[PDB]
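Okay, so we've got a single protein chain in two different forms coming up as structure tokens, structure 1 first and structure 2 after it.
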Structure 1
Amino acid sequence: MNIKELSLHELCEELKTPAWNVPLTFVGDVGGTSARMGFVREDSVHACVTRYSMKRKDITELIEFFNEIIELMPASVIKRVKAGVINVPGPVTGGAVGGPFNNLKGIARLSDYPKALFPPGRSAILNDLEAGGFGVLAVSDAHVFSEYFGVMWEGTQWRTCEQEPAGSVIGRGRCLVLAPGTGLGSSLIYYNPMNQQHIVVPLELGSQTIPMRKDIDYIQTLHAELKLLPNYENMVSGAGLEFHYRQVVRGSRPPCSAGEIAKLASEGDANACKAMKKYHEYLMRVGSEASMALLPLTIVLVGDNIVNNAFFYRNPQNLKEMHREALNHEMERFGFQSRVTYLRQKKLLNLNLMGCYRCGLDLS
């Protein structure tokens, strides 16, 4: 369960090790700023990758990186590749065509990828949160769930469906993965009770139109500013957090960035704290509506910033407020939102790289 980020040439030497004369899975975690790519081996799951800059901000650059890797590597090494899986930050169809993306131009095309790294019949392109969901499965299968995930609150259904303590395994029930970061990501780890298998269903929840509660004025305010009917991502993003802060201060303080707002909030600033609560009020609305639509056993909040903002979740007041909002739905009169166990990532981990590898296992 461990990953070292190495130089390209260090990597080449690492794979020359006897401990890497085994079948290999090629993996790639592609962001809009940079991309980490490398290999994973076998009861240990070990990965070493190297990083590239998405300098041109064009998804087709990946091809050059692939080619370079094949060049700066011995055929003994390459010939061991049994699977190749990458993830990209946009919708993907057929597991083979990714994009368009709003951070990058171009289209990820598996058919254009080198087959030394992407063996035919053993390769895939994933959506980033698709990979992330596979990552969650990987953590659960490594028996290390409680090390990376903390229970925010246990739902009504957990103890009936599961014998293990909440937070100690993923559970034999649907898990909705949400990643409120740059973009708002979402995937459903569906559980098939007939074959007892989990499958990862990519979703675009963030782009749904926000349904109201008692906030028509606040939504119209954003609508007027965006010139678009607000979707969840508009409220639950960096840009969303900046919006919430400006609406709190009313011009009494200068406008700050998301990172800065979050930093201030950690320092204890009331304006920034109010901003974070507003943001999470809308994140919980994604949860309450999806709790009904998708009937999950668990909802898991993932991503670096979820870990780096642990301070917000540890605060029992905030937690209580988020819980109240998670149950703010008409169907809670029947207990639907109460059914669901909410968890948060509490320790850093690249779920996406682990997910690429695990997806590879279902292929090979």
Structure 2
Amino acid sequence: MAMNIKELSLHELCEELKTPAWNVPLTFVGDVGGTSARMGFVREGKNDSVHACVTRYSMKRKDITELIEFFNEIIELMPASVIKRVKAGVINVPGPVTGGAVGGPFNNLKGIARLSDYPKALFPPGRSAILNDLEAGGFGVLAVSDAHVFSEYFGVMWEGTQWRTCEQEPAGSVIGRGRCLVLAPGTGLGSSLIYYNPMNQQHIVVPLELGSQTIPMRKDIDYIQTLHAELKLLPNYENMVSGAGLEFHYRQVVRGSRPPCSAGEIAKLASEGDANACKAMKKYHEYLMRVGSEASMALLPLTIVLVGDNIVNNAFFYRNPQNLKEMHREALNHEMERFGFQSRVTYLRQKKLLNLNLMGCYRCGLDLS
């Protein structure tokens, strides 16, 4: 396997790092969420394979500063001769970061993540970074491409007109040397743009906030105004493309004839062929494709990639050719499609689970050398 993540106890992780396969350069990585963090070491294997060994920590104190205790424990327990092989240290955190060094504040954790407070043995000076979740996820998409297994983790929804001019390899086999917009439609709607800088031969990841933009209309002014009156706020993309959004779409389908359902309930009903829930899912994806059509114009991407557990878990929806035709039609529903802008773009979807954030911490550390 090209992408390998083993989860162990701290004590077992220490035994694994003394084995001969681990007597190589290391990257220290950490994927920090609201409840737990998964931290450890990544190495290269054969044919650009990626091998990670990580341990889980509970964020017991609901305090981002507790990470420093975890880092100190790792350095205290591991032999200095193992930690000496660390060449880079990258974590992702569930909130905004500045200077790649100062993360927060956070919705569900107290305090600020400060790279200058982290131990230099795991975070070597000038070869370390803190990333936002979506920035790490974008670097994770690049990592999958670099490991030659894009076609294992991503499926082509449709090939856009630009692909064969810009690239030699088949669509979906590599990320491509063109801008890649990463969208993460889940509870909310994360976005990041993977740019290739010709001058530097570097890819970089630009975190965005596309989800918080005001939804522009098509022929849906009454539908937008319905949600406007409910929220008391002009709707943004995430308001239509979110759990809350899917709940809204389902309420607007059934018009009081059925009880209101959660996003989870609705997706389950859709998977079972319920006409109402399927219609709610079509409406959710109509607004997702609106983000896509407008960002296709604004950002001129070669590719749009839909990532996350939700996308993988909803594979039934993307495999259905009628749903795919309806999504493609909405992706092209833009006045600028008379010039071909929306049809230029190749759309892909994640089809296999992977911790993209852990892989992206690793991939980001490679550009720090």
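Residue numbering: sequential along structure 1, first residue numbered 1. Superpose the two forms; the largest set of C-alphas matching within 1.5 Å is the rigid core.
- Splitting the chain into two rigid parts for the change between structure 1 and structure 2, with each C-alpha assigned to the part whose superposition fits it better, puts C359 and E321 in separate parts.
- The rotation of the smaller rigid part against the larger one between structure 1 and structure 2 comes to 13 degrees.
- Core superposition places the C-alpha of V30 2.7 Å apart between structure 1 and structure 2.
- Once the core is aligned between structure 1 and structure 2, the alpha carbon position of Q337 differs by 0.3 Å; this is the C-alpha shift at that site.
- Taking the core as the fixed frame between structure 1 and structure 2, we note the C-alpha of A124 moving 2.0 angstrom.
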